[PDB]
Amino acid sequence: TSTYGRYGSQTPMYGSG
Amino acid sequence: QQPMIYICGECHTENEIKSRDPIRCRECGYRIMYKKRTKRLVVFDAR
Amino acid sequence: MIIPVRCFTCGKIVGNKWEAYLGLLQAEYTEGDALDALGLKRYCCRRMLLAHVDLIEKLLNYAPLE
Amino acid sequence: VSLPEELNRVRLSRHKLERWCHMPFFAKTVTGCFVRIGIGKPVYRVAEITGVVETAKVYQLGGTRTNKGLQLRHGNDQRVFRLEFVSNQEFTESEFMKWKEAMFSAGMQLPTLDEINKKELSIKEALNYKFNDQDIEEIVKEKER
Ligand SMILES: [Zn+2]
Ligand SMILES: [Zn+2]
């Protein structure tokens, strides 16, 4: 239980906002 | 590498308690808290 | 606590009749005319639904979360 | 350091910040590691965790929420950052060489590999840290806020 990403959870961008 | 997870009373949030810890919730502050179900095999006879 | 599945004496399925029977009583049926509109003839099967007290509605008030 | 693989040991992923949103000594463990922050379209740059700043924007990261910032900088382009745009992706080759060129282009010395080796263990000691002091209390005060 250290980094269970399996990618990821849709990392939001900085230039998207 | 299993940290012995508890469920709070008033919060219902899983906390990690290792030994030598205060039993308190990681939020809201609660001194009562319960344990999670087992992982072993529960098999009943519908009887 | 929750409606038994079967009549203890007979064997007949009464588990599917608690909602229908509370709905008929809400409509206007008298309690003896609701019990045979559901199709319960023997008085063995009829006490399952008259005598039943529903506690699970009170036990559901104690939410674990929310 | 000439390798994006050793650089990933001190690469801070997204699943590790959530555990230390309220652990103190924060400006002492994370300052010296490298994160994979997002710019946006799938391009990324290796920015430098410089200081611990706070935003007036409280945003939720999954279940947890955190309004803090990160003083990141890619060589010379430095600005504020939030904790949601970081990538769980490891240091690739093109981004490792891009960061190498941004550091050779800025005049910043590349941190010696022994520094990374002495920095990566700070994380593992901070993870197995026994919270016997009064950190639970400030943690709950910081979570309720
Ligand atoms: Zn507590
Ligand atoms: Zn019967």
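Residues numbered from 1 in each chain as written, not as in the entry; some residues may be left out. Chains lettered and ligands numbered in written order. Part of a larger assembly, values for the part shown. Heavy atoms only, no water. Residues with missing side-chain atoms left out of burial classes, pairs and counts.

Per the PDB record, this model was obtained through cryo-EM at a reported resolution of 3.3 Å.

*Asks:* How should the overall build of chain B be read in this particular structure?
*Replies:* A tally of regular secondary structure across chain B gives zero helices and three strands. In sequence order, the secondary structure elements of chain B are arranged as β-β-β. Each principal axis of the C-alpha atoms in chain B carries an extent, and together these give about 40 × 25 × 15 Å. (Helix = DSSP H or I, 4+ residues; strand = E, 2+ residues; numbered from the N terminus.)

*Asks:* Would you explain the sheet that holds strand β2 (residues 14-16) of chain B in this entry?
*Replies:* Paired through backbone hydrogen bonds, the strands of a sheet run either parallel or antiparallel to each other. Residue and element names in this part refer to chain B. One open sheet accounts for three strands, arranged β2-β1-β3; its pairing is antiparallel. Since the sheet does not close on itself, it has two edges, and those belong to β2 and β3 (33-35), each with one partner. Across the sheet, the mean angle from the axis of one strand to that of its neighbour is 45°, orientation sign disregarded. Note that strand β1 (residues 5-8) and β2 share three bridges and pair antiparallel. The residue bridging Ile7 from the neighbouring strand is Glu14, located in β2. (Pairing = 2+ DSSP bridges. Axes fitted to C-alpha atoms, helices over the stretch in contact; angles between N-to-C directions.)

*Asks:* Looking at this structure, I do not really get empty space enclosed by the protein. What am I missing?
*Replies:* One simple way to see leftover space: roll a probe sized like a water molecule over the atoms. Residue and element names in this part refer to chain D. In this structure, the largest cavity spans a volume of roughly 40 Å³. Lining the largest cavity we find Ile37, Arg45, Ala47, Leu72, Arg73, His74, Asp77, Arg79 and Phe81. For the lining of the largest cavity, the elements supplying multiple residues, two or more each, are β3 (44-48), β5 (64-74) and β6 (77-79). With three residues, β5 is the single largest residue contributor to the lining of the largest cavity. Residues of the lining of the largest cavity, tallied by class, amount to four nonpolar, one polar and four charged. (1 Å grid on protein atoms, 1.4 Å probe; cavity = no way out; pocket = protein on both sides within 12 Å on 5 of 7 lines; lining within 4 Å. Points joined across faces, edges and corners; volume = space filled by probe spheres on them. Nonpolar A, V, L, I, M, F, W, Y, C, P; charged D, E, K, R; others polar.)

*Asks:* Please clarify how the pairing of strand β2 (residues 34-38) of chain D should be interpreted in this entry.
*Replies:* Residues and elements named next belong to chain D. Of all five residues making up β2, five are buried, and the element is well covered by its neighbours. The alternating pattern of β2 places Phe34, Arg36 and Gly38 on one face and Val35 and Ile37 on the opposite face, and all of these are buried. Examined bridge by bridge, β2 and β3 share five bridges and lie antiparallel to one another. Note that in β3 the partner of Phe34 across the bridge is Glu48. (Buried < 20%, exposed > 50% of the residue type's maximum accessible area, 1.4 Å probe, protein only.)

*Asks:* It is not clear to me how the UniProt feature "binding site: Zn(2+) 1" (unreviewed entry) in chain B should be interpreted in this structure. Could you clarify?
*Replies:* Residues and elements named next belong to chain B. In the numbering adopted here, UniProt assigns the feature "binding site: Zn(2+) 1" (unreviewed entry) to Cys8, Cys11, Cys25 and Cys28. Separation in sequence by 21 residues is not matched in space for these annotated residues, since their most distant C-alpha atoms are only 9.7 Å apart. Its location among the elements puts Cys8 in strand β1. By relative accessible area, which is 2% here, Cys8 ends up buried. Apart from residues no more than four positions distant in its own chain, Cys8 is found in contact with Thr13, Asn15, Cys25, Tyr30, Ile32, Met33 and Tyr34. Mapped onto the fold, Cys11 is located in the loop between β1 and β2. The contact partners of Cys11, leaving out residues within four places of it in the chain, are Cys25, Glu27 and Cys28. (UniProt positions renumbered as here; feature names shortened; annotations may be inferred. Contact = heavy atoms within 4.5 Å.)

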